[PDB]
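J.: Got a structure here, written out as structure tokens. Questions coming.
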Amino acid sequence: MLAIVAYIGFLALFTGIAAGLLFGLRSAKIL
Amino acid sequence: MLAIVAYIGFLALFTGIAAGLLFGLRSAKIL
Amino acid sequence: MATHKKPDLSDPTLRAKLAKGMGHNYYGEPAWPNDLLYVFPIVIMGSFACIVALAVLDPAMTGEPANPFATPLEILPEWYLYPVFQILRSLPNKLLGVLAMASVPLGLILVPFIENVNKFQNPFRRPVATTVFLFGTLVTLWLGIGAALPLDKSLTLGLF
Amino acid sequence: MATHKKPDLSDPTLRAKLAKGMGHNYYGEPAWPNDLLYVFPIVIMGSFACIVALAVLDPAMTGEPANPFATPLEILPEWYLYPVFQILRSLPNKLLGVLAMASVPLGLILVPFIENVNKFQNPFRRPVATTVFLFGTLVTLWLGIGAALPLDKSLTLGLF
Amino acid sequence: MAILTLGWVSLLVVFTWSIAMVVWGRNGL
Amino acid sequence: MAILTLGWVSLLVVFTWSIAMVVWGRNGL
Amino acid sequence: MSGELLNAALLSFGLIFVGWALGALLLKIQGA
Amino acid sequence: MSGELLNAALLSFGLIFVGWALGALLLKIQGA
Amino acid sequence: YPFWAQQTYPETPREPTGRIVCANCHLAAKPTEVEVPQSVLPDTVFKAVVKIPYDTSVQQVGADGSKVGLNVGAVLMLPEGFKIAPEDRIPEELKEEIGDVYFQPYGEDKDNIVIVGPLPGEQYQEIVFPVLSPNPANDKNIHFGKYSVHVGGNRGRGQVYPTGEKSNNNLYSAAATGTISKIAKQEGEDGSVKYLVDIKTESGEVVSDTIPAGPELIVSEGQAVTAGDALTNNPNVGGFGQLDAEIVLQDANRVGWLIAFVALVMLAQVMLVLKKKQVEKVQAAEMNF
Amino acid sequence: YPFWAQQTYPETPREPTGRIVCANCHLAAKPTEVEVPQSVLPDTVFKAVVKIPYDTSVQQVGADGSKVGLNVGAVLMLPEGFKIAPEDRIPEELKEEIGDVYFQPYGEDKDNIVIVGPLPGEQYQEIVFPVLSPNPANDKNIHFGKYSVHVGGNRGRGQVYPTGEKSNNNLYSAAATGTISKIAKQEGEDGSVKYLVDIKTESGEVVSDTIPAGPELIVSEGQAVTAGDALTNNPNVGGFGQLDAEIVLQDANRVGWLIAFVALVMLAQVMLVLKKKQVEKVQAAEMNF
Amino acid sequence: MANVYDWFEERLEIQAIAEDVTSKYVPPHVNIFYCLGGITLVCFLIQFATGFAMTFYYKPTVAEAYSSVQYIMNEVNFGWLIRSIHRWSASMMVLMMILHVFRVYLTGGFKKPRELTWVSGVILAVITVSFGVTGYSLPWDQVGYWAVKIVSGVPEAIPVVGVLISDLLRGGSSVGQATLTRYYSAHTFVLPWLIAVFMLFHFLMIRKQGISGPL
Amino acid sequence: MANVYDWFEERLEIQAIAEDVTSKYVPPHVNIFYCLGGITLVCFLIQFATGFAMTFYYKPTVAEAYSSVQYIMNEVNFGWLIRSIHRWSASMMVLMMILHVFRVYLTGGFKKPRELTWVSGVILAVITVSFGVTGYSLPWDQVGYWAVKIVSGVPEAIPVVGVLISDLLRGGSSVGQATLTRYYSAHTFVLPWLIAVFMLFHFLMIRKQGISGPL
Amino acid sequence: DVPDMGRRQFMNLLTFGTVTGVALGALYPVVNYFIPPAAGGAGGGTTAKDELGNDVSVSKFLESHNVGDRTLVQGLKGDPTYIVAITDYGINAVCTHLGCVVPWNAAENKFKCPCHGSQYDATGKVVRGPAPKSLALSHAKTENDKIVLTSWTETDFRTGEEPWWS
Amino acid sequence: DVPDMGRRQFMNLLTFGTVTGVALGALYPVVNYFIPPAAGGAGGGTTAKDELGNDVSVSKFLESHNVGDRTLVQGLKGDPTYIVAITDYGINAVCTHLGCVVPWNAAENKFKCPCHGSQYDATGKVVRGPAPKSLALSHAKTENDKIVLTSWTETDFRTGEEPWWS
Amino acid sequence: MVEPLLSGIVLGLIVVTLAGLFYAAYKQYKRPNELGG
Amino acid sequence: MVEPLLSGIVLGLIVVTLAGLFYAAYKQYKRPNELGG
Ligand code: HEM
Ligand code: HEM
Ligand code: HEM
């Protein structure tokens, strides 16, 4: 339960950090 | 004394073995 | 996106390599920095972080001081020696056990000299070899599991 | 007799080397087998036989068990540390002693960057450098001999 | 005792995430 | 006690002889 | 000491497919 | 422990010239 | 019983080989399991469940011979510093699971070597132990790490008494070689049943052998068998089982910094992949690779 | 004397620091030398010469004060197994060199710690020791190898007696601070000369200090000096000197095989040079290198 | 400062190295499983580092071995970490090496002309397992000690040189101090040098011939 | 048997190596003193061999060190020989290295572009001396022990990091077991790897640039 | 005029033959060095040790160390050995199968190996089990207060003819 | 359109900056690991040891170990320390020059370093010699039968003001 | 001593790896890469 | 501990080597080899 929620939430968080950094750095003409 | 005689005799012996092997192997068409 | 360089088949030095099956670093994605500098550190950090994680969550044990006069119950080597250990304890002939043990690395050494009979790389184009490999793999896992069990359940895995 | 190969001065790749003082393995006596295979084993066996001879005739000593409560009379390191040891014990300033000690390797490291001011190799074409070297060598031997003597005879070698 | 669970979770997460970042960076597999 | 003297002599002899064989083989020095 | 073995096997087997899926996913959103 | 030091110095110094001499000698007899 | 262990073997219930001393008297073997957390934080109460399962519908032989149910017992050897949790620190839910278990130490200053005497097997095939983990912060002899947990679990009556005399819950062989002439069944001083058996056909000794009733015979009459033939059977339906386990005395700080380092790694991996992404576009533009 | 060493320091004449105990009483230092073979074969008699040189023409102060010559003494600590050679194994030539030396052990089963008492310095500035080397072949405690040899050599009278009282062969300072008023020279019970000296000019004690004649004074009369000024001198013309040395208990077999290996090496070197010689001619012919 | 890089460039020829490195390419058939060899290396470097670290506190003596491991786990700063990492990475090296052999075989990468790479690999596998067996017993606990006491007699089966081999490995007629000393020299001196040599050959041949071709 | 040599030739390219080796020449100005570097190496290889040999019997513990040296000298087959060789060759390595530096300097071989060879040489000299200092005290006799107890306090003179350095070297506030353990790791693990690396660089640069020119 | 391949190869044999000789001479001590020294057998073994490798005494063994004698004791080659009113033969406690120490069970009058169920006799002979041969016997003579042990040279006391460890 | 050198370098900083962070995190434990653990100073030092590192007793020291007290004893940090009717201060026996242990001489009431002729006082202060500073003092309190030693925090008992080892 | 976590990681990864090796091979069996063979 | 044999070999060889280095240099000073410099 807590293990499953934490796992999915950890991966979801960093997948959101990945996408965020992707489109975020694109917008700034860096990527 | 014994040290000096032995040293000179050892070197003389092997200098004689060197020359002996030199001319000896020459004679046999090896050198 | 996705950098690629085609094989220059007009280059006889490359062709001579390929003829000896040996020119496959001349084409593809640039090794540097694409893989070496960017992807390699991902693999190094990843494996390192998994090992450290395991080390913290399940730290190494220190058993009890050695005792030459008291043989423990349960007396095994490390997992990768289970197959060899199984063979060694289950064979009455000690010499034959040593030979079977030595046959492992010596046997693996002969593999390339036995499968050079053809030049195929894909296992689907070499069903005989793939069958012998799958067989040995199954037999090794079998011997390994058997090592942790009583000698009676070894040749059956206590299943039948 | 006496095999020799002249420098091919018609070869611009060799000339470019020589220009950077770096083509001196392109000419002379054949390194192989003349030196490598025939003369090298003479040097290896020779040095090995001298070392073994010394080892048998004057074998290694084992002193007495260490005693933390009893400082020996006569307390020296090995010979190659005599100069450094002399400096270290004869200077009242401990920090200055450490710096002088470190100055040895650090000083030697700077040599090439100081004598690049010219391109001469022969010591007879660089009398200033040769003088500084002979001076330091004499001063080092001096400090080394002084190490085995009482502190009072150090700055004089008990000669005057 | 929740920190322990999160501890093990983080192992599972770096394993999974390492796979993911190698796939992304190398464009497949 | 003569064997001892010959012992040391042999050290002196291999030293000297090594020099000699390197000079001979390399033709000088 | 057996359900932990099976648990660890299933996890080391299945987590790979989760990481594979996430990789492919990130590939999709970047425009492979 | 000093005459042994001087003895060893003189020998390691002088034996080299003996080996040098023997080398040159063997060079002479072979016809350099 | 567990208390007969500390009587006969006072120093420790564990022999140098790792063999638990119950086996010296409970000669049969049945499966015993354990359930301990993989890790526990210091100064924390956790559950340690020993399991001693057997066929409830199968009864055993009582001291006299009557067919009666069997009890369970166990010894739980914990790591140093570990001990049974004080009652005021055991939550209600756990209290309900424990029951009327009388946890007692194996000896003075051996609080980690817990022992649990006779319990009705019908209700205690699964014994719960409330245990309190120590704290390295206020005990220099205790530190974080992985330690062993030794567990012995028995069900049913033993076979040997602390004195040496055998119980009635084992098998009985023949005394010597000779023709059985006696399936007598006499008694006297004490009470209940007993059997007298003898042999001969020439020998070098003239005595017999009695067997305490309980097992049940499978020999009729007249037969010149040897010294060791089973003339009863094995009534024993219980047995003792050993197990080792491991528990990690974990430190929250260790795991915390671990989580942080893991996060730093994942971030770095992201930045690396994105950096490559940038370089891919540069390479696509200025075609030169 | 050497025998006062074994009296006061019975266990060993060598302190853990390597300091020889004579120095505890013979406070002056003069050079002492030793001559031992670099190597010796087992079960062999060899010469060990201790040298205790001093100016023969310079005399010293006797117990009473008279100017008399001085004697020599020494302690030779050899390696285990080594000991003074039996008289029947000492050649004549060596016998003549030794003289009337009374070699005695430092104690029971300490035959390697030899000691040599008072000898006329005029004839024994160089003491010869006939010593027999042990044999590893018939003693498992003895093996071939390099071992230390410790040597203490003294000449002239000491400064302290086994009881504590100082001899007359040292320097005498002033008792306390005050004006010297006494160069008296009285005596009584015993014999020979003595001197009485005192001081004051106010103090916290009213006693004097006598000096046993022998040294000789260099203070006249009237002077308020402090506690420690030399009012005599240093008559001592002797002194003790230490040295360490090393000896190799060699094995003839080791050296023999060494000679053989050396010869094999020299032969190999010859064959190598000759081989090159051959190749040189081949290279000269078929020009291709 | 007068350009340091050009200075190092002129005598190290950095540019040539850069050209050699950036001239290599990785073909499409090279998938994630081609990392396994590198991961095996990574595991070994972790062993090299943590192993070395432990030689500063571990003591290969029957009297002090066990207690020195206790001291590393309890007293040494992060000693528990360094040792736990050496432990897990020891097992991960062998595991990844097995997976590496799976990749190589199920890709035919061992066939002509890369058969000396494969043979050197097998030798590397024997060396790695030797690392494991020697290290396993260094703590000198029940497990480690009895792991040795069993295997140390196995070679006796060999007709003529069996007893000699076994005596050489255990340093005598039975397991004891001499056994621990030899196993420690093997684990911390012999096996690191051997594995370096054969890893050098492995890597030199690979770099020489490049990766095997597509399936 | 179907020619084994051609087999090894096709995949190792032996011929190319033979051509590279036989393409080198030694110029006339290269005299006997140019051996000194090689002799220094020879001395080290002798150390590597005899040192390794002694790790099979030596025990780096205050209780067992001295006696293990006694055991090597008295009981071990030719143990006296191996150790005496390690001893004399330790001193001959440093001596020959000094003579090697004399040759290099009095020949100007350290000047452009061979200055990194010279710098790596100096580092090699510091490493070699470190070998000597650490090995000197391994017997744990009076000489060795007091050689350490003196030098181990020298770094304290350094203002800020002096005490830290000294504690790191001696493994604590004073000389003891920890000191012996660290010195042993240094002598038998750290220093061999370091000297191998810097010897590798030394030799690679030399082979790259060839010998310096005539005087 | 100029030496041919036949004479060159011959000079190679002579030369590098001698060099090989030097190498073997240097290798001889090295090989022997690694071979462990003998256990100082100045007879046929001797002392028996307890658990701390000290020394055993019959004054404390026969006196107060058993009401049913049978205890482990460091024997020949360091191998643990049982010592059963002293008994004249010792029993090597090392299993014959793989080498586990065999615990004694008085209740069944048999040694029983816990590793794979192997078991022996009251004298040390396989009654059953995967173990082929039997436990090694040895002489046990109580000379002095201490116990002396020597190898069993004579034929087997259990199966008539020669043993398997000599 | 396409990122320039300014943005590439910035992405390098961000990326390999984080990587560097990972490295430092991994290096932190490693650096500390090599730094030796503290000597369990749960106060200010305590026990004094003899030559075998056991423990000292005043019951055997004051009783029968001196008719002229002054003996070497393992003190703080393992350094040999003299213990002079007990005395309240100990004297560090390590020379101040290079670190030789200084032998005591009652005949002159001075410690005298044999290495380079340095010498001190009856309380441990340089009267002469190449040694700059003086021998370190320390507290000596006979609590229990054993001796307890702690570092000298207060000012010097010989030269008035603060010491040189604290 | 048998360790379930370790043993589980071993068997697990051995199975996914073998399976994934055959999958990767299959991919190239149906759609051969350039120089496929 | 000072060792006369060792110390004598050190000083000895240091002196012959230095001397021989200057001699070898001198030879090439008077009769320069090809590319002498
Ligand atoms: C410590 C052990 C080992 C290490 C560090 C190691 C390392 C490597 C590395 C880094 C590669 C490059 C490609 C890759 O990583 O997959 C490689 C390739 C290779 N390995 Fe290993 N390996 C080890 C053991 C083995 C074993 C046990 C075998 C075979 C039994 C083996 C046979 C091969 C072969 C034949 C190649 C080249 C295959 C190709 O070119 O496609 N190696 N190795
Ligand atoms: C995505 C990750 C990886 C992939 C795809 C991969 C694959 C490969 C390939 C294709 C080769 C052959 C190179 C060539 O033929 O030029 C190789 C060799 C090699 N790789 Fe890896 N590998 C990876 C990770 C690693 C890591 C993390 C290391 C860490 C040290 C490493 C070290 C090596 C070594 C030492 C070789 C030997 C041959 C050479 O140096 O060129 N690899 N690998
Ligand atoms: C273990 C220590 C060392 C070893 C094994 C070693 C080995 C070698 C060898 C074999 C050579 C080839 C030429 C020759 O042997 O003379 C060489 C050359 C050289 N060495 Fe060293 N050396 C060592 C230490 C040093 C030191 C201490 C220095 C300088 C302080 C140094 C500087 C040089 C330089 C500059 C060259 C090239 C000179 C030229 O090309 O003429 N080396 N070394």
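Heads up, chain N uses Swiss-Prot numbers, so what you see runs 9-92, 98-179.
The deposited model was determined using X-ray crystallography, 2.7 Å.
Placement of Cβ uses the backbone N, Cα and C atoms for every residue, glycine included.
According to Swiss-Prot, the feature transmembrane segment maps to N:21-43, an assignment based on sequence analysis. According to Swiss-Prot, the [2Fe-2S] cluster binding site annotation covers N:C108, N:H110, N:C126, N:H129. Marked as disulfide bond by Swiss-Prot on the basis of sequence analysis: N:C113-N:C128.
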J.: Setting N:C108, N:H110, N:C126, N:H129 aside, what same-chain residues sit with their Cβ within 8 Å of the center of the Cβ atoms that define the [2Fe-2S] cluster site, listed in sequence order?
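T.: Result: N:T109, N:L111, N:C113, N:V115, N:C128, N:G130, N:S131, N:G142, N:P143, N:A144.
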J.: Rounded to a whole number, what is the CA to CA span in angstrom between N:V92 and N:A98 on either side of 5 missing residues?
T.: 9
J.: Among the binding-site residues listed here, N:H110, N:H129, which has the most company in the form of other Cβ atoms within 10 Å of its Cβ?
T.: N:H110
J.: Which residues in the same chain, at least 6 apart in sequence, have a Cβ under 8 Å from the Cβ of N:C108 ([2Fe-2S] cluster binding site)?
T.: N:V114, N:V115, N:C126, N:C128, N:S131, N:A144
J.: Might you list, by sequence position, any residue in that chain lying six or more from N:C113 (disulfide bond) with a Cβ less than 8 Å away from its Cβ?
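T.: Once residues fewer than 6 apart are set aside, N:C113 (disulfide bond) is near N:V107, N:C126, N:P127, N:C128.
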J.: Quick one: give me the count of other CB atoms within 10 A of the CB of N:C128 (disulfide bond).
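T.: A 10 Å sphere around the Cβ of N:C128 (disulfide bond) contains 24 other Cβ atoms.
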J.: Helix, strand or coil at N:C108 ([2Fe-2S] cluster binding site), per DSSP?
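T.: N:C108 ([2Fe-2S] cluster binding site) sits in coil per DSSP, no helix or strand.
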J.: Test of understanding: give the count of other CB atoms lying within 10 angstroms of the CB of N:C126 ([2Fe-2S] cluster binding site).
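T.: If we count other Cβ atoms within 10 Å of N:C126 ([2Fe-2S] cluster binding site), we arrive at 25.
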J.: In which DSSP state, out of helix, strand and coil, do we find N:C113 (disulfide bond)?
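T.: Assignment for N:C113 (disulfide bond) reads coil.
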